[PDB]
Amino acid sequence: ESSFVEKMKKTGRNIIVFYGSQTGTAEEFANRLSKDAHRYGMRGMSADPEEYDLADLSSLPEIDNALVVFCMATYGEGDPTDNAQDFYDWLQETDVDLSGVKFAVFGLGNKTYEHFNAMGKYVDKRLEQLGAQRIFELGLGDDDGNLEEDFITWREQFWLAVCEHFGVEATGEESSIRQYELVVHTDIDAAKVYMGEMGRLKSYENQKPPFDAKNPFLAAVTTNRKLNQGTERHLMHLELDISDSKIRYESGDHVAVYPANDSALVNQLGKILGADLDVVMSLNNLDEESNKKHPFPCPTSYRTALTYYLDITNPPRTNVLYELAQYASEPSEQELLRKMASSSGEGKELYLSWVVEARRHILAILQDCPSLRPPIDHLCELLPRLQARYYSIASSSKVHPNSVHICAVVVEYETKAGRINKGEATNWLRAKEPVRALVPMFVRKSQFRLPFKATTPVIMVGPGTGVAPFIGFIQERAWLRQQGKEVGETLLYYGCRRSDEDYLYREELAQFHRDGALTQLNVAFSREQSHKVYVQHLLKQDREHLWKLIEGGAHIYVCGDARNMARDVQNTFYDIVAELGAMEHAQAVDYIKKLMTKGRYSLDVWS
């Protein structure tokens, strides 16, 4: 059906929840809200806006008690997710009267970014401008705090508002219904079983372009080398062969990789569950009208699903804990789990401490709640899909057109729970032996780019792994110089803990400076003295030259830690401009923010 409104009429739904999602979180929130509808006598469905035409919103009044909800995540520079781009474009050009339309929006964002929840804010503002009626205030979910708690708090007030305005009431039947039913495929041909590939069956074996998120290219690991000294931490440089993939990229772009869960974790889950992981099965949607026939590719074995399709490392969200409680035979244990779904009080404190702060993954929860023995098929229905991880490409395609490089630090730490957590993708990449080893990947374009004019100077700030895109930038600027082009100054402000422990690309950067490609190599060693010495300290010391370059039209790039470094660096640039630019601090802020709008102050930061 082309019209979501007609689809709603045909299937008896009065609430439709659209999701703007890239890594599945918004989709899960939409699904959870859609299922809630029944608890109020209403009927809902979640939907991918890209599959429909949002202009049809003006027809919702044809359905009694119609309600439309939007769970939208914000991405690069405050833009919409790819699947919500058409909707965003429609909202920008339309002036249709949406009187009679009733809506609510929950935005997914992260305060460490420059444009916090920009998409949710825009959708909410626009719908009202068009004449639609807001049923409940805009939800501002913040992944830098705890997005789950923001969502459940908003969700509760949301339904109360729905009850008040539409005159409905809760049912109270927390029975919780399964969304999928299990079918064991005892006699299936081996060749018809998914073995970890995404999308089409056999797409990993039979690789045909175009390669993207739904059809990743299996790139061979040609290089995987340790960049630092000591068993302390592990920093590594990988080179992935993309020959014959037709994949294109530019320095500044991101490479996404689909990891495989640790087999030791998968094996232990199978044992504690008392399940034969090699059983091949299928989970089928009880809603025969939904386009989402299964929770992940199937038929497939439990081992395969728990290895390639499901997230078993991230601390579970509250709905998973609430639904599992019914399987805890011990009163105390079943009570602990049930409470964690509370938006406040003891229950919330326990969730944030026992699950989140303690970083307990599903196996840890099953282990620390020994009476919890849920059927493996229901667990597979509850666990979120395993998502790709993004890395800043550390190579220039002008120099390495057939290889995509990665600079990454392995995540590994002890939990207050006495366990050793290992980063999903980094522990997996670390184990990829060069020269056989394949990494399913794809490229995600970014707006982080070297200046159009080679003469334009660049100021690069990237401590730690934030140096990644800049290795590529320098390779390219060096290449331009080798092509006989006039290249402006190229400055790198890099930082590490100690010059003899975690100085990434020491030799390469030194050679680029000796070659003349890297005009300046400014490095801050943070722990080689009593007080911290960071990149911003070096920027402040270089205020005169930096102001000259900025005033001249230089481009600034900041990559790495978004939580504190990005903010501290930005604050230092404000000070440089306020001090030497002949203007007040507030004017300096406006000045730097304006550079961002002009593409002369770019960010590639993360957490």
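Just count from 1 along the sequence shown to find any residue number.
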Exercise for review: With residue 435 and residue 436 adjacent in the shown sequence, let me know how many deposited residues between them lack coordinates: none, 1 to 3, 4 to 9, or 10 or more.
Suggested key: 4 to 9
Check your understanding: Of the two stretches 165-173 and 258-266, which shows the higher Cα B-factor on average in the entry?
Key -> 165-173
Point to revise | Residue range whose averaged C-alpha B-factor is higher in the record, 175-183 or 99-107 | key: 175-183
Review point. Hey, out of 395, 519, 304, 530, whose CA B-factor is highest in the deposited coordinates?
Key: 530
Review point. For the listed 419, 405, 294, 477, which has the peak Cα B-factor recorded in the PDB entry?
Key: 419
Point to revise | Third of chain Cα B-factors occupied by residue 41 | key: highest
Study note, to complete from the structure: Split the chain's modelled residues into thirds by Cα B-factor; residue 321 lands in the highest
Exercise for review: Please rank the C-alpha B-factors of the chain's modelled residues and tell me whether residue 214 sits in the lowest, middle or highest third.
Suggested key: highest
Review point. Looking at the C-alpha B-factor of residue 552, is it in the lowest, middle or highest third of its chain?
Key: lowest
Point to revise | Chain-relative CA temperature factor third for residue 498 | key: highest
